[PDB]
Every structure is written in structure tokens, then in C-alpha cells.
Undergrad: 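After the C-alpha cells below, expect a handful of questions from me.
In what follows, every heavy atom counts, from backbone to side chain, and hydrogens, waters and symmetry copies are set aside. A, B, ... follow the sequence lines: proteins, then strands. Residue 1 opens every chain.
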Amino acid sequence: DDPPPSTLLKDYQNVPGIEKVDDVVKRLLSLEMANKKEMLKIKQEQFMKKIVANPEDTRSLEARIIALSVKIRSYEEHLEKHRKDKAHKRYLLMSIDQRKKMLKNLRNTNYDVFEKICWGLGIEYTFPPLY
Amino acid sequence: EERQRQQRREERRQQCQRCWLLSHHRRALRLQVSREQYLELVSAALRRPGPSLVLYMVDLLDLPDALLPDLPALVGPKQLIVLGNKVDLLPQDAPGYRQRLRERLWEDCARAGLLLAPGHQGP
Amino acid sequence: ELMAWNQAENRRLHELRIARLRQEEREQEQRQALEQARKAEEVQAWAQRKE
Amino acid sequence: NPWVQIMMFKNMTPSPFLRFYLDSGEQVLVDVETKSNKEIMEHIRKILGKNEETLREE
Amino acid sequence: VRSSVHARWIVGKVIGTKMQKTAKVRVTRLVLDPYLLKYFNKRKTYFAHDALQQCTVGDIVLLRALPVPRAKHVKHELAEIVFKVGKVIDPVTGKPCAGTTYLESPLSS
Amino acid sequence: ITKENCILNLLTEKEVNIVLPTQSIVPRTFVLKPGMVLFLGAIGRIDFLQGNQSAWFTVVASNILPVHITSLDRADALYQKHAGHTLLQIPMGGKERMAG
Amino acid sequence: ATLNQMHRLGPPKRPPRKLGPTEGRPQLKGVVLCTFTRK
RNA sequence: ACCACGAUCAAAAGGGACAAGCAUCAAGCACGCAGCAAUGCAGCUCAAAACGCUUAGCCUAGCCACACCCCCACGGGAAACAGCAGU
Ligand SMILES: [K+]
Ligand SMILES: [Mg+2]
Ligand SMILES: [Mg+2]
Ligand SMILES: [Mg+2]
Ligand SMILES: [Mg+2]
Ligand SMILES: [Mg+2]
């Protein structure tokens, strides 16, 4: 599910006094009047809060997996409309491959975080075919 | 057991209601009759004028075929394709034995009063 | 006796490991202090711009 | 030592080490971090290597 | 004289757990090429009895020969798990680790 | 159409299974001089006699039908002794079957 | 070829030597069928 | 030893190792596990060469296999020097 359109942008969510503000400025500063990239940023921020131990550390493998997952969701939403977009088809298939690679590395290094990631993002890890 | 696995290999190289109906399938496929019984029962339907074709099948091992001269009465004056079966069970005596078998079938048809009209013939 | 000697050598290397890691902890503390100062300055500037 | 199973592991632990499994079930751990390869040889020879005298009797 | 099984102690990686209480382990030995005089890994599959079903694909395990084979191909039993997949504890310092980095510092204790 | 004058009519199910080849046939060549006899199972026999010189006989039959070569004088006795049984595997049933 | 490739392929395998007119025998006995001359 | 304690020697059985060519032989088709059993699971080998065809006595203080043929030998084919000398 997407964030509500009334949610404030990530950059305008900790500014002091944002609750003492007129409705019109709230609309101007919401996801209703921004392109899709802020909504994806909000999704990423929510997942980082929900899954990882340190939401601020973005270089960790779990953070990269979450980022690639939101990107993959974006590609699937895009291809649901542009069925003949071969470039974005390539991008989606590749991104799935590297997310599988990151999941393999996380499994081999940190199993607890791997379980948490797989539960939080609804990812079913599958072992590669032998032939 | 050994022959069972062998016929499995040959098959590989080839590549309530249902129960009793499959039984009927086997029984109907296995039906056989004599020659004169054939002439008096089955030839009537096969000599109905119209568009028709006969796939006469002959066992290559069991040649000459004594049924071949009797075809004009059995099936009638209609198109006929002779199929030599069980060619895989024949040793390869020399290269091109298959052509020799095909020719031999052709002269065997010729000896009987069968018209040989292979390929394009005319209007 | 040889196993006892191996255990003693392991303990000695463990003490050396503790010394090295305490050193590394101290330089890491001062490094992260400097880096956190930089991050604090950046955060102040950015938050004020958004205000 | 043709009959001894030697096996390798890469980047599984923060520090390098050797582990010997004996017939009795005992395990001997030898930390080799900060050590030179010659030192590793001398250490393993000392702790689990046949002395020269035994080789001479053989 | 303690067992009829040739291989007494062996370390391997678990490659299969689709059996009930039996783990399929891959054991690597070094074999000298007689011509090149270089050592190459030769692989052999072993079946190890896992009573508690505690093996996961990818973990490094140690196997001990049974006094006698319990089955056609089951001749060993899991003595221990040397390296649990993704849950390795540094034997030198005794701390959990993730690859080459400490999950918890040795100094925390 | 059922073939008249066929051995397969006389044989039983198992005997028909043995006689009818199921795998590709392998020839069997035998050089015979005048005064010798070839037995294909208990079903076929050939006596060679009054021949100016030797000859070759190549049997094309099922690989599980035994081919047995003998002299003319011993052929009859061998046939009576081994009709049925295992040396000449077709037909089967001992002397009970050979009565029919 | 790298060491791994040579390990995979293995030692070179000389093809079996060709038999000549004598089929690998010093001499052969023969019966003359006809005599002639060639250029 | 001769009373066996057991040594020497060495079968059957369990574990391991053990020739060459051909992938124009790529799939094998029950080849596994667990349970006292009943039964349950669906598994096992394989491009690091399984399965298959062809070739050859071998790793020589010697060893293996065979002993007219049907691998075997109750039975049958049939009447046996691959023991020495000899043809
Ligand atoms: K033999
Ligand atoms: Mg034995
Ligand atoms: Mg030979
Ligand atoms: Mg014998
Ligand atoms: Mg002699
Ligand atoms: Mg002889």
C-alpha cells in the first residue's frame, strides 16, 4: 500500500512548527503535489524504520536490499502500464538478479538480519537451479 | 524384467468409466476375422463409391503376401498405399537394402493385377 | 604439555589482540568525533534552509 | 601427510586460524594472525609434528 | 579396531537436507596431479546421521564414523557444526561475526 | 484378416512371445557339409544332402530361438529326446505338449 | 592453455598409429592373379 | 601351542582404493532416507562425466582369471593335451 497523499515530504517532516501551519501549505508540502520519487523515498524511510536496527546507516547490505526492493516495486508499477518498454524490462530483471545476489550475501553473513529482511519485504528466497 | 526395460527403451526411442472404456478399447482393437468372413461382411462398406483410401499393411518378414492378389475383391478399385511394417527388425545386409525392399514390394504388386501409379499421373 | 603450551600462546596472542583493539578504539573515537562534528554542521545548515 | 584432510575457508571469520582435529576427538586451535608463515610452520611442527628422533627410529 | 568405516573424522559442507534425519555433506580433499604436481580439490559425498535435524544448507560440519554403518550410505554422524551458515562465532575471540567484521566488539566484554 | 497355415496359431501365448522377435534380429551363419541337419527350435528343420560341396546357411529368426546343428543319423533321436524342454525351447511343456 | 585447462584436458593422447598395406606384419603370403606393367 | 591363553596364515562379510578410448554414449529410471515393525517421506547418481559401447590379463620376488562349450554345471551339448613329448 502507498503512503497516504496527505503525508508530508521526507524533508519537511522534522521542520519545527509544521503542525502550526495552514492547510494550503500542508497540501503544498505533501505527497499529493510531488512526483513519484518522494513517495518512493517515504516508502524507503518506512521500511528502514520497520526492518533495520540503525535506520540512519544507508551503506549496510540490508539498506541496499531495501532500496533495491523499492526500486523494483517502482519498475513493476511502471511496466504494468508500458508493457512494451524493453529497457525497463531489462532494468527490472537485472535489479531482481542483484537483489538475489545481495540476499545470498546477507544469508551467508547475517542470518538474523536475513530473516528480518525476508519477513519485512515479503521476499521468498529461492535457491538457484543446479543446471 | 529385462524385456520390460528393453521395451521401455524402445518406447523412449519412439519419443470407473475410464477403466471399462479402456478395456473396450483393447477388445475392439484386437478384433480379427477370417478372409471369406471379411469378403461377406466388411467389403460392402469398403466398396461404397466416394473419396476413400486404403492403407494396406504388410509384414516385411512375412513375404510373399498371399493376401495381396486378393485385394481387388477385398477393398475394390480404390487408392491403396502399401506399408511395409517391422523394418527396424530387419538386419542391414548391405547399404541400400531399404530401396531393394521397396522395389520388391513394387514387383510383388506388379505380379498381381494391381495398377501401379506412383506420383503425379495427369489430369 | 604441548597442548598446554599452545593454550598459553593463544592467551598471549589474545592479550596482544586486546592491546591493539583498545588502541584502535581510541583513534576510532577521535575520528568519529571529528566526523560527527562535520555531520552536525551539515544537519544544522540543511534544517535551517528547510525552515 | 597424504592421509590428512586439509581444507580451506575464506573470509568467514575476522581473524585467521588453524584447527586440528585429532583421533580422540580433541580440537587444537592455533591463532596465526600477526604471525609469519615460517612461524606457523614452526609452531605446528612443535605442537603436533613428529620430532626428529621419532623420524630417525622410523 | 573401534569402527569398520574407513573415514573416521571428516569436515565438509552441508549440500542437502531433503532426507529425514540425514544430511548430505560435501567433503573436499587435496589430490596431487601426477603430471602438473599441483593440488586440486577432489569432492566426495557423505551421508551423516542428524538425529535432531539441525543442519542447514551451506554450513560447515564435522562428521565422526559410526561404529558400524546404519544404512547403505549412512556411515557417519554429525559430531558438531563447525560454522553455522550466517551465524559464525569467531573461535579465536568467541564473539559473533559477520564475514570479516565483528558484529559485537571483543572489548564489549 | 487371420492367416491360414501359421505356426503362431498352434503356439501358446508364451511360445508366441518367444517366437515373435521384439529386438532387432542378429543373423547366425553356419557352414554345413552334405549330411548335416539344422534345427530352428523344435518347429523348423533342414536336412542338407547330396551336395557337391559345402554351403552356408544364415538363420534370420528371433534371437531367443535356439539353432542346433547335428548329423543326419542323430537328428531324429535328438528331436525325440529334446522336443519341448530347454535345448529346443519352442514349444514348451515336455512330452505332454508334444502329444498335441 | 592454463594449468586448469591442462588439468581438465589431461595428458596428450596420441591417435592410434595407422596400419599399412601389411596390416602391421613383416611379410605376407599371396597368390598371383595376373602380371602386368605400369607406367 | 596341540589344555587354550594366544601367535602365524587366511576365506566369507562391512568400509576405502583400483586400466584405456568414445559425449556422434547426457540423462540413469528406483538407482535413497527414517522407523522395533506397521508404515512415512521422495528421494539417489550425473557435464568435477552418472548410464552406456569398444579395447586390454595386471600394479610381475609375483598376482588375477580360466580349466572343451552353455558366465555357473543339478542338467545338457558332446566326447575335450591352455600337463610333458609329439602331430
Ligand atoms: K568359462
Ligand atoms: Mg575377502
Ligand atoms: Mg583379450
Ligand atoms: Mg566352465
Ligand atoms: Mg603339448
Ligand atoms: Mg583344448
Undergrad: Among pairs that include at least one residue of residues 4-29 of chain E, which meet side chain to side chain donor-acceptor pair (under 3.5 Å), considering only residues two or more places apart or in two chains?
TA: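 The answer is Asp23(D)-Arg8(E), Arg29(E)-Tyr46(E).
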Undergrad: Under a 3.5 Å cutoff, is there a donor and acceptor pairing between the side chains of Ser23(B) and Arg27(B)?
TA: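 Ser23(B) vs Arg27(B): donor-acceptor pair found between side chains.
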Undergrad: Decide if the gap between the ring center of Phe47(E) and the ring center of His76(E) is smaller than 6.0 angstrom.
TA: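 Centroid distance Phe47(E)-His76(E): not below 6.0 Å, so no.
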Undergrad: How long is the line joining CD1 of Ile15(E) and P of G32(H), in whole Å?
TA: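 Those two atoms, CD1 and P, are 16 Å apart.
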Undergrad: Would you measure the distance from the P atom in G14(H) across to the matching atom in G32(H) and give it in whole Å?
TA: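 Result for the P pair: 15 Å, nearest Å.
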Undergrad: Would you check if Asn17(F) and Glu13(F) make a side-chain contact, meaning some heavy-atom pair closer than 4.5 Å?
TA: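 Touching, per the 4.5 Å side-chain cut-off.
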Undergrad: Suppose we screen for ring pair (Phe, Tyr, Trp, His ring centres under 6.0 Å). Which residues come up paired with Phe83(E), at least two apart in sequence or across chains?
TA: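 Applying ring pair (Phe, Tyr, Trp, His ring centres under 6.0 Å) to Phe83(E) gives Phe9(D).
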Undergrad: I'd like the P distance from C69(H) over to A80(H), given in whole Å.
TA: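 Per the computed distance, 14 Å lies between those P atoms.
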Undergrad: With sequence neighbours excluded, give me every side chain to side chain donor-acceptor pair (under 3.5 Å) pair touching residues 114-131 of chain A.
TA: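 Those involving residues 114-131 of chain A do not exist here.
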Undergrad: Donor-acceptor pairs under 3.5 angstrom involving side-chain atoms of residues 44-52 of chain D: please list them, not counting sequence neighbours.
TA:
unit_1   : atom_1 : unit_2   : atom_2 : d
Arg45(D) : NH2    : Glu52(D) : OE2    : 2.2
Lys50(D) : NZ     : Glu58(D) : OE2    : 2.9
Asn51(D) : OD1    : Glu53(D) : N      : 3.2
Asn51(D) : OD1    : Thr54(D) : N      : 2.7
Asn51(D) : OD1    : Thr54(D) : OG1    : 2.6
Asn51(D) : ND2    : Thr54(D) : OG1    : 3.4

Undergrad: Please classify the sugar of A47(H) as north or south using the torsion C1'-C2'-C3'-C4'.
TA: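 South is the answer for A47(H), its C1'-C2'-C3'-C4' torsion being negative.
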Undergrad: How far apart are the C-alpha atoms of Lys86(B) and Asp88(B), what are their side-chain angles, what is the distance that settles it, and do they pass the salt bridge (charged side-chain N to carboxylate O under 4.0 Å, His left out) test?
TA: CA-CA 5 Å; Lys86(B) 296 186 177 68; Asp88(B) 57 354; over 6 Å; no
Undergrad: Please list, for nucleotides 76-80 of chain H, all pairs of protein and nucleotide N/O atoms separated by less than 3.5 Å.
TA:
unit_1 : atom_1 : unit_2   : atom_2 : d
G76(H) : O3'    : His82(F) : NE2    : 2.9
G77(H) : OP1    : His82(F) : NE2    : 2.9
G77(H) : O3'    : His68(F) : NE2    : 3.3

Undergrad: Would you kindly give the CZ-to-P distance between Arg17(G) and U55(H), to the nearest whole Å?
TA: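 Computing the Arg17(G):CZ to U55(H):P distance gives 22 Å.
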Undergrad: What does the B/S/- profile of nucleotides 39-46 of chain H look like, 5' to 3', with a 4.0 Å heavy-atom cutoff to protein?
TA: -BS-SSSB
Undergrad: Provide a list of protein-nucleic acid N or O atom pairs under 3.5 angstrom, restricted to nucleotides 24-27 of chain H.
TA:
none

Undergrad: With both distances under 3.5 Å as the test, what is the Watson-Crick or G-U wobble partner of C81(H)?
TA: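 Base partner found: none.
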Undergrad: My understanding is that only residues two or more places apart in sequence, or in another chain, count here; which of them pass ring pair (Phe, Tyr, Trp, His ring centres under 6.0 Å) with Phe48(F)?
TA: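 In terms of ring pair (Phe, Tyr, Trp, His ring centres under 6.0 Å), with neighbours along the sequence ignored, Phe48(F) is linked to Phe57(F).
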Undergrad: On a whole-Å scale, what distance lies between the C1' atoms belonging to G28(H) and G52(H)?
TA: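 Between the two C1' atoms, the distance is 10 Å.
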Undergrad: Would you give a per-nucleotide map of nucleotides 10-23 of chain H, 5' to 3', where B means the base has a protein non-hydrogen atom under 4.0 Å away, S means only the sugar-phosphate does, and - means neither?
TA: ----BBSS--SS--
Undergrad: Which base sits across from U45(H) as a Watson-Crick or G-U pair, both distances under 3.5 Å?
TA: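 The base-pairing partner of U45(H), which may sit in any strand shown, is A27(H).
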Undergrad: Distance between the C1' atoms of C18(H) and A56(H), in whole angstroms?
TA: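 About 16 Å, rounded to a whole number of Å.
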Undergrad: Taking the nucleotide of RNA chain H with the nearest heavy atom to each, does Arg5(B) or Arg8(G) sit closer to the 5' end?
TA: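 Taking each residue's closest nucleotide, the earlier one in sequence belongs to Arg5(B).
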Undergrad: Using a heavy-atom distance cut-off of less than 4.0 Å, which residues of residues 20-43 of chain F contact RNA chain H?
TA: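 Going residue by residue through residues 20-43 of chain F, none turns out to have a heavy atom under 4.0 Å of RNA chain H.
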Undergrad: What integer distance in Å separates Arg43(E):CZ from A50(H):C1'?
TA: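 Going from CZ in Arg43(E) over to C1' in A50(H) covers 14 Å.
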Undergrad: I'd like the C1' distance from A34(H) over to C44(H), given in whole Å.
TA: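 Taking atom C1' in both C44(H) and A34(H), they lie 15 Å apart.
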Undergrad: What pucker does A49(H) show by its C1'-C2'-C3'-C4' sign, north or south?
TA: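 Pucker flag: south.
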Undergrad: Counting Watson-Crick and G-U wobble pairs only, both distances under 3.5 Å, name the nucleotide matched with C63(H), or none.
TA: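 Matched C63(H) with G57(H) under the 3.5 Å cut-off.
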Undergrad: Holding to side chain to side chain donor-acceptor pair (under 3.5 Å), I want the full list of residues that pass it with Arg17(G), two or more places apart in sequence or in another chain.
TA: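 Per chain and number, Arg17(G) pairs via side chain to side chain donor-acceptor pair (under 3.5 Å) with no residue.
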Undergrad: In residues 3-18 of chain B, what donor-acceptor pairs under 3.5 Å come from side-chain atoms, sequence neighbours left out?
TA:
unit_1  : atom_1 : unit_2  : atom_2 : d
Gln7(B) : NE2    : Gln4(B) : O      : 3.1
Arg8(B) : NE     : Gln4(B) : O      : 3.4

Undergrad: Can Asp90(E) and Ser15(D) be counted as having a side-chain donor-acceptor contact under 3.5 angstrom?
TA: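 Result is yes, a qualifying pair exists.
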Undergrad: By the criterion of two distances each under 3.5 Å, are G15(H) and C71(H) a Watson-Crick or G-U wobble pair?
TA: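 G15(H) and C71(H) do not meet the Watson-Crick or G-U wobble geometry.
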Undergrad: Just name whichever nucleotide pairs with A10(H), Watson-Crick or G-U, keeping both distances under 3.5 Å, else none.
TA: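 Answer to the pairing question: none, since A10(H) forms no Watson-Crick or G-U pair.
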Undergrad: According to the Watson-Crick and G-U wobble definitions, with both distances under 3.5 Å, which nucleotide is paired to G35(H)?
TA: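 Pair assignment: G35(H) / none.
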Undergrad: Could you check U55(H) and say if its sugar is north or south from the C1'-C2'-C3'-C4' sign?
TA: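 By the sign criterion, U55(H) is north.
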